[PDB]
Amino acid sequence: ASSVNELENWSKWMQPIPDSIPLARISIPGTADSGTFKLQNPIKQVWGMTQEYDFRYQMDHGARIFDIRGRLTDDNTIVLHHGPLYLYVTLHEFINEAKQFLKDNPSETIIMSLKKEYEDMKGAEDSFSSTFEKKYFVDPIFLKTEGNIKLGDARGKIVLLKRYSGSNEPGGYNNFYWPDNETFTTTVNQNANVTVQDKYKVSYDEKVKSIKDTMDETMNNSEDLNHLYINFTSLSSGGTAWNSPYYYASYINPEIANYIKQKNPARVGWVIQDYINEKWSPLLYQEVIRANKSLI
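If you're matching positions, the sequence shown starts at 66 in the numbering used here and goes up one per residue.
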């Protein structure tokens with residue numbers, strides 16, 4: 066759809082973007098540990114909590130990528146975890162919300178990253194991979210087509226990004242290398258190339274630099290469609306003493322928002338952040354969305 070004024074609607078901003086653009090090229094905001102918005106326990110928040118509002122709030126705020134880490138339970142279901150902490154949220158809960166939103170705004174899609182956060186409970190019937198694929202992935206909202214997935218094929222569906230290895234069912238982005246606390250580049254599907262900046266638990270300076278460096282690489286390689294650029298703005302650390310993901314995000318979000326705001330880039334990549342809200346001054350997510358005007 067024409068008109069750039071349509072990227073300002075946070076619920077339907079993916080409508081104006083042509084059905085032809087591979088999802089890879091689109092600058093899309095996301096959320097890290099999207100299911101940590103339920104922890105209201107103090108000592109749990111300074112460590113675990115990275116979000117303050119529900120999936121629907123996150124989605125209504127332009128986010129279209131979710132960082133979902135779960136665990137296989139005794140009752141043979143997948144629930145959301147953060148290391149050893151149960152998040153009082155489930156996979157079914159995420160999927161329902163994703164469907165409702167996708168039902169109110171069919172011109173959109175949602176990429177769901179699925180990572181096996183904690184070890185299966187001692188008593189599970191099946192494996193983490195099979196449990197998800199046989200009781201969940203088999204649901205019709207999930208796009209089962211692979212390759213460099215375009216926007217047209219994904220509208221109304223849920224695109225999956227496999228962070229688990231034991232997969233057996235076709236669909237979404239296959240599982241790739243992904244090293245611990247690093248910045249790297251591998252190959253995804255047949256064509257798709259991928260660069261990921263996931264330096265969680267690092268110094269404020271080293272972090273901020275990395276976000277910018279990878280962000281610089283992407284805005285320079287803006288016309289490369291067969292290249293996924295994932296940029297995590299999240300800085301996990303042994304908080305408590307104002308080292309919490311809330312403190313870091315309190316600075317990183319506005320800062321990075323401005324970095325894009327002043328550079329007027331054509332592409333920024335997939336920017337996964339913490340504390341998506343209306344608190345911080347420039348708004349990281351709103352800027353990331355605007356950097357797509359080069360597609361309208």
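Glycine residues also receive a C-beta, built at the ideal position from the N, C-alpha and C atoms.
Own chain partners of residue i with C-beta closer than 8 Å, once the 5 adjacent residues on each side are dropped
i, result
"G236", "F202, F207, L208, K209, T210, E211 and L225"
"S232", "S194, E198, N239 and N240"
"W243", "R228, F249, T251, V261 and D263"
"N291", "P87, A89, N213, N256, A257 and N258"
Residues bridged to residue i [DSSP beta-bridge criterion]
i, result
"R134", "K180"
"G95", "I130 and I337"
"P87", "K215"
"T251", "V259"
"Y151", "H146"
"residue 42", "There is no way to answer for residue 42, as the model of the chain reaches only from 66 to 361."
Residue i, DSSP secondary structure in three states
i, result
"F102", "coil"
"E282", "helix"
"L72", "helix"
"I223", "strand"
"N296", "strand"
"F241", "coil"
"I175", "strand"
"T196", "helix"
"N357", "coil"
"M186", "coil"
"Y269", "helix"
"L167", "helix"
"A66", "coil"
"residue 8", "Here the chain comprises residues numbered 66 to 361, so residue 8 is not present and cannot be evaluated."
"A322", "helix"
"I82", "coil"
"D125", "helix"
"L349", "helix"
"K274", "helix"
Length of the line joining the Cα atoms of residue i and residue j
i, j, result
"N256", "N239", "12 Å"
"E117", "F297", "18 Å"
"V144", "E198", "14 Å"
"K227", "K168", "24 Å"
"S68", "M79", "12 Å"
"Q110", "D125", "24 Å"
"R136", "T196", "11 Å"
"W112", "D289", "37 Å"
"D218", "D84", "8 Å"
"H157", "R220", "20 Å"
"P81", "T174", "13 Å"
"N106", "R134", "20 Å"
"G148", "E182", "6 Å"
"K274", "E320", "11 Å"
"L150", "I214", "34 Å"
"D204", "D270", "43 Å"
"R355", "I160", "27 Å"
"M177", "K358", "24 Å"
"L104", "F120", "14 Å"
"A306", "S172", "43 Å"
"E343", "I130", "18 Å"
"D245", "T279", "17 Å"
"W345", "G188", "44 Å"
"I361", "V353", "15 Å"
"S302", "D281", "25 Å"
Same chain only: Cβ atoms within 6 Å of residue i, ignoring 5 sequence neighbours per side
i, result
"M186", "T138 and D139"
"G100", "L145, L152 and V154"
"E190", "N141"
"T115", "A97, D98, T101, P310 and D339"
"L300", "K272 and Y313"
"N323", "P347"
"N170", "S76 and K77"
Close-in-space but distant-in-sequence residues of the same chain around residue i (CB under 7 Å, 5 per side omitted)
i, result
"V253", "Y238, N239, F241, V259 and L293"
"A128", "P94, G95, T96, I341 and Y350"
"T283", "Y294, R332, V333 and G334"
"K222", "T174, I206, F207 and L208"
"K164", "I206"
Within-8 Å CB hit, residue i to chain B
i, result
"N329", "Among the protein chains of the structure shown there is no chain B, as only one such chain exists."
### Message
Pairs of beta-carbons, one from the segment 327-338 and one from the segment 78-93, closer than 8 Å: are there three or more?
### Response
yes
### Query
Counting pairs of Cβ atoms below 8 Å between the segment 67-77 and the segment 253-265, do you hit three or more?
no
### Message
When you compare the segment 315-328 with the segment 79-89, are there three or more beta-carbon pairs, one atom per stretch, that lie closer than 8 Å?
### Response
no
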